[PDB]
Amino acid sequence: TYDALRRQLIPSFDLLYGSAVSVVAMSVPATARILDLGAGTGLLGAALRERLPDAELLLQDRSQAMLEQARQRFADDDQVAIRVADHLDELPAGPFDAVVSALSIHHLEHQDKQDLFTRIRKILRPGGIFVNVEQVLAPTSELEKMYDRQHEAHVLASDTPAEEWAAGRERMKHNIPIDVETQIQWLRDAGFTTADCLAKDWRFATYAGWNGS
Ligand SMILES: Nc1ncnc2c1ncn2[C@@H]1O[C@H](CSCC[C@H](N)C(=O)O)[C@@H](O)[C@H]1O
Ligand SMILES: [Ca+2]
């Protein structure tokens, strides 16, 4: 039900979450240590577990209520741990092969995003990968209205309950998005040697940075 609603609200959910899973699987070993930052109910972690049965997952979020859903999702999984922490708090030491995030980092001020990317690189192994599945701003107000129309078109085509879309729009008023190429450049500024946009559907994009390759 919850997973079905996320697909209704998020254009190209399968392409964008699937691209995050595929780029991690091509970048890290079967036995990778992975941090899911702002894991919420653990949706991105779950997609990774499906592909990587032998990976160690650490799910981190500031919300105990969201992580209770992650605890239920991963009830019988002996290779999943949960950490309660704000993005702004000290990150877990690691090292990690991958740090992943979906629809969470846009809740930080821009300066805090730039600093977070730098702090993430510090806990990555050499060659390690950072992946973000993210809500991104259009480069102009005119294109932002077109991004919004395309988002609405997906939500309508997906037969989304009107009250859930209204609730979704209200939550997005608190978001601090920026365009995908600005935050990809912030990965270069943070000292990632390669950064790329893997996949994109207007307002939603999957991008990654590599710590040495
Ligand atoms: N400053 C912050 N520090 C940590 N978690 C934060 C945060 N601001 C927002 N979050 C978390 O970010 C999540 C956004 S919803 C996305 C959840 C999950 N990654 C998914 O893909 O479905 C929520 O779980 C919320 O509690
Ligand atoms: Ca949000």
# chains A, B, ... in the order shown; residues from 1 in each chain; ligands from 1
>>> residues_around(residues="region 21-35 of chain A", least_positions_apart="3", cutoff="7 Å", atoms="only C-alpha atoms", output="VMD selection string")
chain A and resid 17 to 18 47 to 48 52 54 to 59 96 to 100 129
>>> closest_atom_pairs(of="chain A", to="ligand 1", cutoff="9 Å", atoms="only C-alpha atoms and all ligand atoms", output="CSV")
residue,atom,partner,partner_atom_place_in_ligand_line,distance
A:3,CA,ligand 1,22 (O),8.2
A:6,CA,ligand 1,22 (O),7.2
A:17,CA,ligand 1,21 (O),8.2
A:36,CA,ligand 1,19 (N),7.4
A:37,CA,ligand 1,5 (N),7.0
A:38,CA,ligand 1,5 (N),4.2
A:39,CA,ligand 1,19 (N),4.0
A:40,CA,ligand 1,24 (O),3.2
A:41,CA,ligand 1,18 (C),6.0
A:42,CA,ligand 1,18 (C),5.9
A:43,CA,ligand 1,22 (O),4.9
A:44,CA,ligand 1,21 (O),5.4
A:45,CA,ligand 1,19 (N),8.2
A:60,CA,ligand 1,5 (N),7.2
A:61,CA,ligand 1,5 (N),4.1
A:62,CA,ligand 1,4 (C),4.2
A:63,CA,ligand 1,26 (O),4.6
A:64,CA,ligand 1,26 (O),8.1
A:65,CA,ligand 1,26 (O),8.2
A:66,CA,ligand 1,24 (O),5.4
A:67,CA,ligand 1,24 (O),7.4
A:84,CA,ligand 1,4 (C),8.2
A:85,CA,ligand 1,4 (C),6.1
A:86,CA,ligand 1,3 (N),3.5
A:87,CA,ligand 1,3 (N),4.0
A:88,CA,ligand 1,1 (N),6.3
A:89,CA,ligand 1,3 (N),8.1
A:100,CA,ligand 1,19 (N),8.8
A:101,CA,ligand 1,19 (N),5.9
A:102,CA,ligand 1,19 (N),4.2
A:103,CA,ligand 1,16 (C),4.7
A:104,CA,ligand 1,12 (O),4.0
A:105,CA,ligand 1,8 (N),6.9
A:106,CA,ligand 1,8 (N),7.9
A:107,CA,ligand 1,8 (N),5.0
A:108,CA,ligand 1,1 (N),6.1
A:133,CA,ligand 1,21 (O),7.7
>>> residues_around(residues="residue 135 (chain A)", least_positions_apart="4", cutoff="10 Å", atoms="only C-alpha atoms", output="PDB file with N, CA, C and O atoms, in the first residue's frame")
ATOM      1  N   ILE A  10       5.854   9.326  -7.416  1.00  0.00           N
ATOM      2  CA  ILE A  10       7.234   9.526  -7.943  1.00  0.00           C
ATOM      3  C   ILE A  10       7.298   9.074  -9.397  1.00  0.00           C
ATOM      4  O   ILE A  10       7.299   7.877  -9.687  1.00  0.00           O
ATOM      5  N   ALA A 102      17.678   8.570  -0.832  1.00  0.00           N
ATOM      6  CA  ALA A 102      16.529   8.855  -1.715  1.00  0.00           C
ATOM      7  C   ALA A 102      15.597   9.864  -1.045  1.00  0.00           C
ATOM      8  O   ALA A 102      15.118   9.594   0.067  1.00  0.00           O
ATOM      9  N   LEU A 103      15.389  10.997  -1.724  1.00  0.00           N
ATOM     10  CA  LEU A 103      14.340  12.010  -1.432  1.00  0.00           C
ATOM     11  C   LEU A 103      14.474  12.517   0.006  1.00  0.00           C
ATOM     12  O   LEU A 103      13.439  12.719   0.667  1.00  0.00           O
ATOM     13  N   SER A 104      15.701  12.777   0.462  1.00  0.00           N
ATOM     14  CA  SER A 104      15.964  13.190   1.863  1.00  0.00           C
ATOM     15  C   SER A 104      16.859  14.431   1.939  1.00  0.00           C
ATOM     16  O   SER A 104      16.583  15.306   2.771  1.00  0.00           O
ATOM     17  N   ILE A 105      17.925  14.494   1.144  1.00  0.00           N
ATOM     18  CA  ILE A 105      18.965  15.551   1.294  1.00  0.00           C
ATOM     19  C   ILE A 105      18.377  16.919   0.916  1.00  0.00           C
ATOM     20  O   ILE A 105      18.860  17.939   1.450  1.00  0.00           O
ATOM     21  N   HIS A 106      17.316  16.956   0.108  1.00  0.00           N
ATOM     22  CA  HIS A 106      16.631  18.229  -0.248  1.00  0.00           C
ATOM     23  C   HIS A 106      15.969  18.883   0.975  1.00  0.00           C
ATOM     24  O   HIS A 106      15.448  19.991   0.806  1.00  0.00           O
ATOM     25  N   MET A 172       5.950  19.209   0.037  1.00  0.00           N
ATOM     26  CA  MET A 172       6.969  19.726  -0.916  1.00  0.00           C
ATOM     27  C   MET A 172       7.222  21.225  -0.688  1.00  0.00           C
ATOM     28  O   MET A 172       8.322  21.682  -1.050  1.00  0.00           O
ATOM     29  N   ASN A 175      10.423  21.739   1.167  1.00  0.00           N
ATOM     30  CA  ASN A 175      11.642  21.186   0.519  1.00  0.00           C
ATOM     31  C   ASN A 175      12.541  22.335   0.046  1.00  0.00           C
ATOM     32  O   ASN A 175      12.021  23.434  -0.243  1.00  0.00           O
ATOM     33  N   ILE A 176      13.848  22.077  -0.037  1.00  0.00           N
ATOM     34  CA  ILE A 176      14.886  23.057  -0.474  1.00  0.00           C
ATOM     35  C   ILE A 176      15.640  22.447  -1.654  1.00  0.00           C
ATOM     36  O   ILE A 176      16.829  22.147  -1.571  1.00  0.00           O
ATOM     37  N   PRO A 177      14.964  22.216  -2.800  1.00  0.00           N
ATOM     38  CA  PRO A 177      15.619  21.605  -3.947  1.00  0.00           C
ATOM     39  C   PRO A 177      16.539  22.595  -4.668  1.00  0.00           C
ATOM     40  O   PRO A 177      16.384  23.805  -4.529  1.00  0.00           O
ATOM     41  N   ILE A 178      17.454  22.051  -5.460  1.00  0.00           N
ATOM     42  CA  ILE A 178      18.279  22.838  -6.415  1.00  0.00           C
ATOM     43  C   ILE A 178      18.433  21.996  -7.682  1.00  0.00           C
ATOM     44  O   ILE A 178      18.019  20.817  -7.682  1.00  0.00           O
ATOM     45  N   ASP A 179      18.934  22.589  -8.755  1.00  0.00           N
ATOM     46  CA  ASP A 179      19.008  21.889 -10.059  1.00  0.00           C
ATOM     47  C   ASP A 179      20.041  20.763  -9.964  1.00  0.00           C
ATOM     48  O   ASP A 179      20.943  20.792  -9.079  1.00  0.00           O
ATOM     49  N   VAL A 180      19.899  19.763 -10.824  1.00  0.00           N
ATOM     50  CA  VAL A 180      20.708  18.520 -10.701  1.00  0.00           C
ATOM     51  C   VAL A 180      22.177  18.848 -10.996  1.00  0.00           C
ATOM     52  O   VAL A 180      23.044  18.306 -10.307  1.00  0.00           O
ATOM     53  N   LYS A 200      16.918  10.411 -15.261  1.00  0.00           N
ATOM     54  CA  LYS A 200      16.147  11.627 -14.929  1.00  0.00           C
ATOM     55  C   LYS A 200      14.766  11.554 -15.573  1.00  0.00           C
ATOM     56  O   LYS A 200      14.655  11.105 -16.722  1.00  0.00           O
ATOM     57  N   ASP A 201      13.759  11.979 -14.825  1.00  0.00           N
ATOM     58  CA  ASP A 201      12.389  12.215 -15.338  1.00  0.00           C
ATOM     59  C   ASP A 201      11.968  13.578 -14.789  1.00  0.00           C
ATOM     60  O   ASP A 201      11.383  13.635 -13.690  1.00  0.00           O
ATOM     61  N   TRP A 202      12.343  14.635 -15.509  1.00  0.00           N
ATOM     62  CA  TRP A 202      11.985  16.040 -15.186  1.00  0.00           C
ATOM     63  C   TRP A 202      12.392  16.356 -13.735  1.00  0.00           C
ATOM     64  O   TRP A 202      13.600  16.468 -13.497  1.00  0.00           O
ATOM     65  N   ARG A 203      11.450  16.454 -12.791  1.00  0.00           N
ATOM     66  CA  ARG A 203      11.717  16.859 -11.380  1.00  0.00           C
ATOM     67  C   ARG A 203      12.516  15.800 -10.600  1.00  0.00           C
ATOM     68  O   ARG A 203      12.979  16.142  -9.502  1.00  0.00           O
ATOM     69  N   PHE A 204      12.673  14.570 -11.093  1.00  0.00           N
ATOM     70  CA  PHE A 204      13.322  13.497 -10.295  1.00  0.00           C
ATOM     71  C   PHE A 204      14.524  12.941 -11.053  1.00  0.00           C
ATOM     72  O   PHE A 204      14.446  12.700 -12.258  1.00  0.00           O
ATOM     73  N   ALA A 205      15.628  12.736 -10.342  1.00  0.00           N
ATOM     74  CA  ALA A 205      16.894  12.306 -10.969  1.00  0.00           C
ATOM     75  C   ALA A 205      17.687  11.399 -10.031  1.00  0.00           C
ATOM     76  O   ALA A 205      17.615  11.564  -8.801  1.00  0.00           O
ATOM     77  N   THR A 206      18.445  10.484 -10.624  1.00  0.00           N
ATOM     78  CA  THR A 206      19.430   9.651  -9.905  1.00  0.00           C
ATOM     79  C   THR A 206      20.824  10.072 -10.355  1.00  0.00           C
ATOM     80  O   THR A 206      21.113   9.995 -11.562  1.00  0.00           O
TER      81      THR A 206
END
>>> select_by_dssp(residues="region 145-196 of chain A", states="helix (DSSP H, G or I)", output="MDAnalysis selection string")
chainID A and resid 145:157 162:172 180:189
>>> closest_residue(among="A:186, A:74, A:13, A:210", to="residue 112 (chain A)", atoms="only C-alpha atoms")
A:186
>>> closest_residue(among="A:49, A:80, A:9, A:95", to="ligand 2", atoms="only C-alpha atoms and all ligand atoms")
A:9
>>> atom_distance(atom1="CA of residue 92 (chain A)", atom2="CA of residue 132 (chain A)")
18.0 Å
>>> select_by_dssp(residues="region 2-213 of chain A", states="strand (DSSP E or B)", output="PyMOL selection string")
chain A and resi 33-37+56-61+80-84+96-102+124-135+194-201+204-210
>>> closest_residue(among="A:162, A:198, A:187, A:136", to="ligand 2", atoms="only C-alpha atoms and all ligand atoms")
A:136
>>> atom_distance(atom1="CA of residue 213 (chain A)", atom2="CA of residue 19 (chain A)")
18.5 Å
>>> atom_distance(atom1="CA of residue 199 (chain A)", atom2="CA of residue 12 (chain A)")
9.3 Å
>>> residues_around(residues="residue 120 (chain A)", least_positions_apart="2", cutoff="8 Å", atoms="only C-alpha atoms", output="CSV table (one decimal) with N, CA, C and O atoms, in the first residue's frame")
chain,number,residue,atom,x,y,z
A,91,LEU,N,28.4,11.5,11.2
A,91,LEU,CA,28.1,10.3,10.4
A,91,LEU,C,28.7,9.1,11.1
A,91,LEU,O,29.7,9.2,11.9
A,99,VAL,N,27.4,5.0,0.0
A,99,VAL,CA,26.4,5.8,0.8
A,99,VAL,C,25.4,6.2,-0.2
A,99,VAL,O,25.7,6.7,-1.3
A,116,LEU,N,27.6,18.2,3.7
A,116,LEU,CA,27.3,16.8,3.9
A,116,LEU,C,28.0,16.0,2.8
A,116,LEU,O,28.5,14.9,3.1
A,117,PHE,N,28.0,16.4,1.5
A,117,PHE,CA,28.7,15.7,0.5
A,117,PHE,C,30.2,15.5,0.8
A,117,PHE,O,30.7,14.4,0.6
A,118,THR,N,30.8,16.5,1.4
A,118,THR,CA,32.2,16.4,1.8
A,118,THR,C,32.4,15.4,3.0
A,118,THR,O,33.3,14.6,2.9
A,122,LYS,N,34.4,11.5,3.3
A,122,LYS,CA,35.3,11.1,4.4
A,122,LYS,C,35.0,9.7,4.9
A,122,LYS,O,36.0,9.0,5.3
A,123,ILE,N,33.8,9.2,4.8
A,123,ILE,CA,33.4,7.9,5.4
A,123,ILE,C,33.4,6.8,4.3
A,123,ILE,O,33.2,5.6,4.6
A,124,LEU,N,33.7,7.2,3.0
A,124,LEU,CA,33.7,6.2,1.9
A,124,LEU,C,35.2,5.7,1.7
A,124,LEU,O,36.1,6.5,1.8
A,130,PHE,N,28.8,7.4,-3.9
A,130,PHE,CA,27.7,8.1,-3.3
A,130,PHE,C,26.6,8.2,-4.4
A,130,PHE,O,26.9,8.6,-5.5
